[PDB]
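Asks: Residue numbers (the entry's author numbering), protein chains in the order written: chain H, 8 to 202; chain F, 8 to 202; chain Z, 8 to 202; chain R, 8 to 202. Each residue gets a CB set at the ideal place from its N, CA and C atoms; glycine is no exception. Would you mind keeping the following structure in view while I ask a few things?
4 protein chains.
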Amino acid sequence: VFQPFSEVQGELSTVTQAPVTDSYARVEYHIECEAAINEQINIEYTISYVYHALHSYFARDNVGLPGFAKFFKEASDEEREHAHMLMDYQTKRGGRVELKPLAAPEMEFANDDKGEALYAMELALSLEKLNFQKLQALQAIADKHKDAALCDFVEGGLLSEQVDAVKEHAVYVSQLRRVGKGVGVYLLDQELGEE
Amino acid sequence: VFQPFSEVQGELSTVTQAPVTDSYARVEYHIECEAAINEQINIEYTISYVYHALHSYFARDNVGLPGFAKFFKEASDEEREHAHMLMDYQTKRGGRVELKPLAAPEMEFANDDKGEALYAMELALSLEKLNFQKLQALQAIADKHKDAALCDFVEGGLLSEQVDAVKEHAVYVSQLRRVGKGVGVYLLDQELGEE
Amino acid sequence: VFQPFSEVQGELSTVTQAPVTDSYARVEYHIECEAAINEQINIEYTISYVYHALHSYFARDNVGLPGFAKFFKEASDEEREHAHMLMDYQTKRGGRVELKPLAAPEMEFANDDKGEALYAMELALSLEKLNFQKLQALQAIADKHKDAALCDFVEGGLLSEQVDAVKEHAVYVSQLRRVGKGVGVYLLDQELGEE
Amino acid sequence: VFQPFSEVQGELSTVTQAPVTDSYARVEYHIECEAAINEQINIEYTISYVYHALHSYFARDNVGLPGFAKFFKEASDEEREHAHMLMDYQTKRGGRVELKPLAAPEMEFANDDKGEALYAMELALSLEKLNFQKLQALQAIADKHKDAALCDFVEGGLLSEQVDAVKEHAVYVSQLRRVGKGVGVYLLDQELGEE
Ligand SMILES: [Ca+2]
Ligand SMILES: [Ca+2]
Ligand SMILES: [Ca+2]
Ligand SMILES: [Ca+2]
Ligand SMILES: [Ca+2]
Ligand SMILES: [Ca+2]
Ligand SMILES: [Ca+2]
Ligand SMILES: [Ca+2]
Ligand SMILES: [Ca+2]
Ligand SMILES: [Ca+2]
Ligand SMILES: [Ca+2]
Ligand SMILES: [Ca+2]
Ligand SMILES: [Ca+2]
Ligand SMILES: [Ca+2]
Ligand SMILES: [Ca+2]
Ligand SMILES: [Ca+2]
Numbered sequence: 008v009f010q011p012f013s014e015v016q017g018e019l020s021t022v023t024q025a026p027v028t029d030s031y032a033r034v035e036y037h038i039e040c041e042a043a044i045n046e047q048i049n050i051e052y053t054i055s056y057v058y059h060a061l062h063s064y065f066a067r068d069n070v071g072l073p074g075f076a077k078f079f080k081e082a083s084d085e086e087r088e089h090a091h092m093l094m095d096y097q098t099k100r101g102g103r104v105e106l107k108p109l110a111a112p113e114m115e116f117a118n119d120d121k122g123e124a125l126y127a128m129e130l131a132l133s134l135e136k137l138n139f140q141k142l143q144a145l146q147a148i149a150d151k152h153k154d155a156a157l158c159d160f161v162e163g164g165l166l167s168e169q170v171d172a173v174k175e176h177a178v179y180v181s182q183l184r185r186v187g188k189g190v191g192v193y194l195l196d197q198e199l200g201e202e
Numbered sequence: 008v009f010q011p012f013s014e015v016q017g018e019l020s021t022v023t024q025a026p027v028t029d030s031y032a033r034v035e036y037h038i039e040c041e042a043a044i045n046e047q048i049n050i051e052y053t054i055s056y057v058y059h060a061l062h063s064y065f066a067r068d069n070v071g072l073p074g075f076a077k078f079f080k081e082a083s084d085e086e087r088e089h090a091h092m093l094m095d096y097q098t099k100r101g102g103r104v105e106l107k108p109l110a111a112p113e114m115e116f117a118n119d120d121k122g123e124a125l126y127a128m129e130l131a132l133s134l135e136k137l138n139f140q141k142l143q144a145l146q147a148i149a150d151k152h153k154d155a156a157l158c159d160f161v162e163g164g165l166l167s168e169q170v171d172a173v174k175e176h177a178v179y180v181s182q183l184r185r186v187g188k189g190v191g192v193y194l195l196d197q198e199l200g201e202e
Numbered sequence: 008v009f010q011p012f013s014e015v016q017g018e019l020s021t022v023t024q025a026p027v028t029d030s031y032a033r034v035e036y037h038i039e040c041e042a043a044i045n046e047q048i049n050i051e052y053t054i055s056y057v058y059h060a061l062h063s064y065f066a067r068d069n070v071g072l073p074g075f076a077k078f079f080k081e082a083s084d085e086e087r088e089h090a091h092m093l094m095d096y097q098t099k100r101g102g103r104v105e106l107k108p109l110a111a112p113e114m115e116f117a118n119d120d121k122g123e124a125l126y127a128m129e130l131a132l133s134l135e136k137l138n139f140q141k142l143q144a145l146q147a148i149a150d151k152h153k154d155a156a157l158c159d160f161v162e163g164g165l166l167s168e169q170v171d172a173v174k175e176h177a178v179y180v181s182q183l184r185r186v187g188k189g190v191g192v193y194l195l196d197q198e199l200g201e202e
Numbered sequence: 008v009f010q011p012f013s014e015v016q017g018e019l020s021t022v023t024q025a026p027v028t029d030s031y032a033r034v035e036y037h038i039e040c041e042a043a044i045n046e047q048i049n050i051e052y053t054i055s056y057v058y059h060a061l062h063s064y065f066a067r068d069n070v071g072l073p074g075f076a077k078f079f080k081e082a083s084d085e086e087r088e089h090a091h092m093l094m095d096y097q098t099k100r101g102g103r104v105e106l107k108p109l110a111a112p113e114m115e116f117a118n119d120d121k122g123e124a125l126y127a128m129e130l131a132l133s134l135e136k137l138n139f140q141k142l143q144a145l146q147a148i149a150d151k152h153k154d155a156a157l158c159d160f161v162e163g164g165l166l167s168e169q170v171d172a173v174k175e176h177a178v179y180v181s182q183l184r185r186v187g188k189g190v191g192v193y194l195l196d197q198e199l200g201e202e
């Protein structure tokens, strides 16, 4: 009742005829999904760039917060790797990566009310919450087109990780608020550095 | 087409204004979900307590089944850790843990028909099947409110583990039924002990 | 508000009364799901057998492609293990394994247009794409009956792996097409062998 | 004849009065130089992005050149690190990093005349020669304003490295031209991969 060689005729002729310009791998991988992944690639790639700008801010000699600087360089590396994993899945499924423009990020993060430390961490948290929702939207599209493979990929990977990321950033914010400017920031900068 | 600093304004003002009495992390985390997790926390916590009672029963000198006793102490530790993981996710997502009352468990497990061993294992199995359904219900709520992160968390963790747990308990029951009272129980108590 | 010993009465009487002819473990595990797993078992088992036939083809002294032969023996072992994992889940959930007939596979793979190497790899790819869809269908049934445990099992395991498998086979095809017959096939046979 | 405490009065009052909004480190570091470094940062950052696009192209299942893909991912990491070193020098000297927009890179690299391999390597070489001149221009500005520290930094670092890079890319091009399409590309893809 299972005749593999009759059943595979469809796929077989598809494969044997395909031009070298077509992905051979693509199976039930919707254009909208393909496009949503490119979108999310661009989102991670943008956030990586923003994080890199934050790094340069804390690297400034008069800011003197090299722990925060290290933290942001790493966050930048990490977000760029998030983009890379998405690209990897894209070509894994037969989709094609489209890389989009990156806008110039903000470079200035002085803030008299909150202090640049706390402000930057509040900005970061806010960005992470935003990306959590972006990730949620990405799986929604995946779910819409009933691509269970892509759902599993998104939710077990980035989505799940983003949860941890958000909580971690919430705590930093809570800490900066608790200890206040001056010594508190210096201490937290020390902590952020050994990580 | 992606302007992070315009797009983050919503999240940013939310974060910057929040009082220290609000979770900073909570994002699309429904009260009903938050409440269902507390419920399931209480269910694991209750089952841990019941398992602890079973342990004390088999610890009684005249019962003389220290392997079963060890087995139940471990099951009790394990269920309490299940509760702990749920609590961890709760505060991870910005939800708040509510711990509920624990009813006094049954302490007596003598049974003339089946023997206390077999009976206890049938009770345990029954409890595990029950909890499998509770877990199923927990993900249903998660699914209802389209919280893919929580679904992934529930199904890849406890739900999936509960499947293994149920099968493992089914086998014990099958074994006790096979070997019958006396030597069979003593042998299985030995097995349960080295685990 | 949680009385475990009242709530477990249903499950308890079910368990205590069950005959030794009934699975004790089965919980909300639909017959259609049980049957779909048997189907997918048969599909992996068939593909394993086909792969074994491919192996014997490349083992022929006049074909002289022992790397391709090794590759197919391994693919055959691997697909049979896929069947075994499905069987394992089946009895894990209380379902019963039904093993179905295996049709005689094709033994001949000479092909003048493409060459047997490329042809076999195109056949393999086609089979893998086919199985990707079969796997997709399997989770659809799981999803239909709202068995989140089985969904998680299917998508995190075989489904997700099948994605990698398809891409890997696409690349082989691309390579054979690139290097053409003769030395190209000999080189790829060498590569396939050290894997 | 050297009275440090009289001679340092200038620098001392400068330092003691400076607001926390000024770099404390900046010394004879011309705006034009500061701006040229930002420019060159953007150039490395752009080339990193382009290299990342090349990577995704060779990652496509139907292209099947994972060695070239690896090569470009690494080149992309490396160029981004070049940007990072420039940023590091910028804040080292008291200058401020300005990150600029990144244009969408080309994603398509099929080429019927030369083959995508050779074409991509010719593109890469061309890009590297271009960047060699950009680097030359960067030191010219440094030289113009007689900033010997920045000259030394530029010429001993990136400039000197870019020389090696250009020669290395010339050789790849020479090799692809020598071996031609098919097996030659497959062999070179193997070489590019183990690097
Ligand atoms: Ca999943
Ligand atoms: Ca799923
Ligand atoms: Ca997963
Ligand atoms: Ca992310
Ligand atoms: Ca999942
Ligand atoms: Ca899910
Ligand atoms: Ca998971
Ligand atoms: Ca549990
Ligand atoms: Ca899942
Ligand atoms: Ca699921
Ligand atoms: Ca999983
Ligand atoms: Ca499979
Ligand atoms: Ca010098
Ligand atoms: Ca010099
Ligand atoms: Ca030097
Ligand atoms: Ca360079």
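Counting only C-beta atoms, is residue 23/H closer than 8 angstroms to chain F at any point?
Replies: The residue labelled residue 23/H in the question sits at position 16 within the first sequence. The beta carbon of residue 23/H does not come within 8 angstroms of any beta carbon belonging to chain F, so the residue lies off that interface.
Asks: Compare the beta carbon distance of residue 104/H and residue 48/H with 8 angstroms and say whether it is the shorter of the two.
Replies: Residue mapping note: residue 104/H aligns to position 97 of the first sequence, counting from 1. Residue mapping note: residue 48/H aligns to position 41 of the first sequence, counting from 1. Result yes, Cβ atoms of residue 104/H and residue 48/H sit closer than 8 angstroms.
Asks: Between 95/F, 128/F, 145/F, 44/F, which lies nearest to residue 118/F when the distance is taken from Cα to Cα?
Replies: Mapped onto the second sequence, residue 118/F falls at position 111. Answer by Cα proximity: 128/F.
Asks: Verify whether the separation of the beta carbon atoms of residue 34/F and residue 11/Z is less than 8 angstroms.
Replies: One-based indexing of the second sequence puts residue 34/F at position 27. One-based indexing of the third sequence puts residue 11/Z at position 4. No, Cβ-Cβ distance for residue 34/F and residue 11/Z is not below 8 angstroms.
Asks: Among residues of its own chain, excluding the 5 on either side of residue 87/F, which ones have a beta-carbon nearer than 6 angstroms to its beta-carbon?
Replies: Within the second sequence, residue 87/F is the residue found at index 80, counting from 1. Cβ within range, chain order: 55.
Asks: From the DSSP output, read off the bridge partner residues of residue 109/R.
Replies: Translated into positions along the fourth sequence, residue 109/R becomes position 102. Its beta-bridge partners are 109/H.
Asks: Among the candidates 106/R, 23/R, 172/R, whose CA atom is the shortest distance from the CA of residue 85/R?
Replies: Counted from its first residue, the fourth sequence places residue 85/R at position 78. Nearest option by C-alpha distance: 172/R.
Asks: Would you check whether ligand 2 has a heavy atom nearer than 7 angstroms to the C-beta of residue 159/H?
Replies: Taking the first sequence and counting its residues from 1, the one referred to as residue 159/H is at position 152. Flag set: Cβ of residue 159/H near ligand 2.
Asks: Measuring CB to CB, does residue 166/R end up less than 8 angstroms from residue 142/R?
Replies: Taking the first residue of the fourth sequence as 1, we reach residue 166/R at position 159. Taking the first residue of the fourth sequence as 1, we reach residue 142/R at position 135. Against a cut-off of 8 angstroms, the Cβ pair of residue 142/R and residue 166/R comes out as a contact.
Asks: In chain Z, what lies closer than 9 angstroms to residue 35/H by C-beta?
Replies: The residue you call residue 35/H lines up with position 28 of the first sequence. Here the neighbours are 139, 140, 143.
Asks: Is the beta carbon of residue 178/F less than 8 angstroms from the beta carbon of residue 156/Z?
Replies: Reading the second sequence from its first residue, position 171 is the one you call residue 178/F. Reading the third sequence from its first residue, position 149 is the one you call residue 156/Z. No, the pair does not count as a contact, with Cβ atoms beyond the cut-off.
Asks: Does any residue of chain Z bring its CB to less than 8 angstroms from the CB of residue 133/F?
Replies: One-based indexing of the second sequence puts residue 133/F at position 126. Closer than 8 angstroms: yes.
Asks: Closer than 8 angstroms, Cβ to Cβ, to anything on chain F: give me those residues from the segment 151–172 of chain Z, in chain order.
Replies: 153, 155, 156, 158, 159, 160, 163
Asks: What number of angstroms, rounded off, separates the C-alpha of residue 184/Z from the C-alpha of residue 41/F?
Replies: Position 177 of the third sequence, counted from the start, is the residue given in the question as residue 184/Z. Position 34 of the second sequence, counted from the start, is the residue given in the question as residue 41/F. C-alpha separation (whole angstroms): 55 angstroms.
Asks: Between residue 137/F and residue 161/F, which are expected to be in contact by the criterion C-beta below 8 angstroms, what is the C-beta distance as a whole number of angstroms?
Replies: Residue mapping note: residue 137/F aligns to position 130 of the second sequence, counting from 1. Residue mapping note: residue 161/F aligns to position 154 of the second sequence, counting from 1. About 17 angstroms separates the two Cβ atoms, so there is no contact after all.
Asks: Determine, using beta carbons only, whether residue 20/H comes closer than 8 angstroms to chain R.
Replies: As a working mapping, residue 20/H is identified with position 13 in the first sequence. Not one chain R Cβ lies under 8 angstroms of residue 20/H.
Asks: On the DSSP letters alone, give me the boundaries of the alpha helix (DSSP H) that residue 99/H sits inside.
Replies: Mapped onto the first sequence, residue 99/H falls at position 92. Note, residue 99/H: alpha helix (DSSP H), 73–99.
Asks: Within the continuous alpha helix (DSSP H) that includes residue 190/R, where are the two ends?
Replies: Taking the fourth sequence and counting its residues from 1, the one referred to as residue 190/R is at position 183. Counting along the chain, the alpha helix (DSSP H) containing residue 190/R begins and ends at 190–201.
Asks: Could you check the C-alpha separation between residue 69/H and residue 152/F for me, to the nearest Å?
Replies: Start at 1 with the first residue of the first sequence, and residue 69/H comes out as number 62. Start at 1 with the first residue of the second sequence, and residue 152/F comes out as number 145. When rounded, the distance between both Cα atoms is 48 angstroms.
Asks: Verify the CB distance criterion: does residue 130/Z have a CB-CB separation below 8 angstroms to chain H?
Replies: Translated into positions along the third sequence, residue 130/Z becomes position 123. Chain H, which has a Cβ nearer than 8 angstroms to the Cβ of residue 130/Z, makes this yes.
Asks: Identify the contact partners of residue 15/H in chain Z, using a Cβ-Cβ distance below 8 angstroms as the criterion.
Replies: Counting from 1 along the first sequence, the entry for residue 15/H is found at position 8. Under the 8 angstroms cutoff, chain Z gives 130, 133, 134, 137.
Asks: Under 8 angstroms by Cβ, that's how I've got residue 194/F and residue 186/F pegged, so tell me the actual separation to the nearest angstrom.
Replies: As a working mapping, residue 194/F is identified with position 187 in the second sequence. As a working mapping, residue 186/F is identified with position 179 in the second sequence. Rounded, the Cβ-Cβ distance is 7 angstroms, consistent with contact.
Asks: Using a beta-carbon distance below 8 angstroms, is residue 185/H in contact with chain Z?
Replies: As a first step, residue 185/H must be located in the first sequence, where it is residue number 178. No, residue 185/H lies away from the interface with chain Z (no Cβ there is under 8 angstroms from its Cβ).
Asks: Buried or exposed for residue 93/R, going by 16 or more other Cβ atoms inside 10 Å?
Replies: Looking up residue 93/R in the fourth sequence gives position 86. Burial state of residue 93/R is buried, judged by a 10 Å Cβ sphere holding 16 or more other Cβ atoms.
Asks: Could you check the C-alpha separation between residue 147/Z and residue 39/Z for me, to the nearest Å?
Replies: Within the third sequence, the letter at position 140 stands for residue 147/Z. Within the third sequence, the letter at position 32 stands for residue 39/Z. So the two alpha carbons sit approximately 11 angstroms from each other.
Asks: Give the C-beta separation of residue 25/F and residue 100/F to the nearest angstrom, bearing in mind that I take them to be a contact with Cβ-Cβ under 8 angstroms.
Replies: Sequence index remark: in the second sequence, residue 25/F carries index 18 (1-based). Sequence index remark: in the second sequence, residue 100/F carries index 93 (1-based). Contact doesn't hold; Cβ gap of about 16 angstroms is too wide.
Asks: Taking Cβ positions only, does residue 180/Z come closer than 8 angstroms to chain H?
Replies: Position 173 of the third sequence, counted from the start, is the residue given in the question as residue 180/Z. Yes, its Cβ sits closer than 8 angstroms to a Cβ of chain H.
Asks: Is there a C-beta anywhere in chain H that falls below 8 angstroms from the one on residue 50/Z?
Replies: As a working note, residue 50/Z is residue 43 in the third sequence. Yes - at least one Cβ of chain H is within 8 angstroms of the one on residue 50/Z.
Asks: Once you ignore the five residues that flank residue 30/F on each side, which residues in its own chain have a CB closer than 7 angstroms to its CB?
Replies: Working through the second sequence from its first residue, we reach residue 30/F at position 23. Only 101 meet the Cβ criterion.
Asks: Is the distance from the Cβ of residue 188/F to the Cβ of residue 122/F below 8 angstroms?
Replies: Your numbering for residue 188/F matches position 181 in the second sequence. Your numbering for residue 122/F matches position 115 in the second sequence. Their beta carbons are under 8 angstroms apart, which means residue 188/F touches residue 122/F by this criterion.
Asks: Out of 59/F, 22/F, 192/F, 180/F, which has the shortest C-alpha to C-alpha gap to residue 115/F?
Replies: Counting from one through the second sequence, the residue named residue 115/F turns up at place 108. Per the C-alpha coordinates, the member of 59/F, 22/F, 192/F, 180/F positioned closest to residue 115/F is 59/F.
Asks: Give me the chain Z residues within the contact set of residue 10/H, using Cβ-Cβ distance strictly less than 8 angstroms, ordered along the chain.
Replies: Start at 1 with the first residue of the first sequence, and residue 10/H comes out as number 3. Residues of chain Z passing the Cβ test: 110.
Asks: Take residue 192/Z and list the residues in its own chain whose beta-carbon comes closer than 6 angstroms to its own, dropping the five residues that flank it on each side.
Replies: Reading the third sequence from its first residue, position 185 is the one you call residue 192/Z. Excluding the 5 residues flanking it on each side, residue 192/Z has same chain C-beta neighbours closer than 6 angstroms at 124, in chain order.
Asks: Give, in chain order, every residue of the segment 42–74 of chain H whose Cβ lies closer than 9 angstroms to some Cβ of chain Z.
Replies: none
Asks: Quick check on residue 154/Z: does DSSP put it in helix, strand or coil?
Replies: Working through the third sequence from its first residue, we reach residue 154/Z at position 147. Residue state, collapsed to three classes: coil.
Asks: Grab me the residues of residue 134/H's own chain with a C-beta within less than 8 angstroms of its C-beta, minus the 5 sequence neighbours each way, in chain order.
Replies: Here residue 134/H is taken as the residue at index 127 of the first sequence, counted from 1. Taken in chain order, the residues that qualify are 54, 57.
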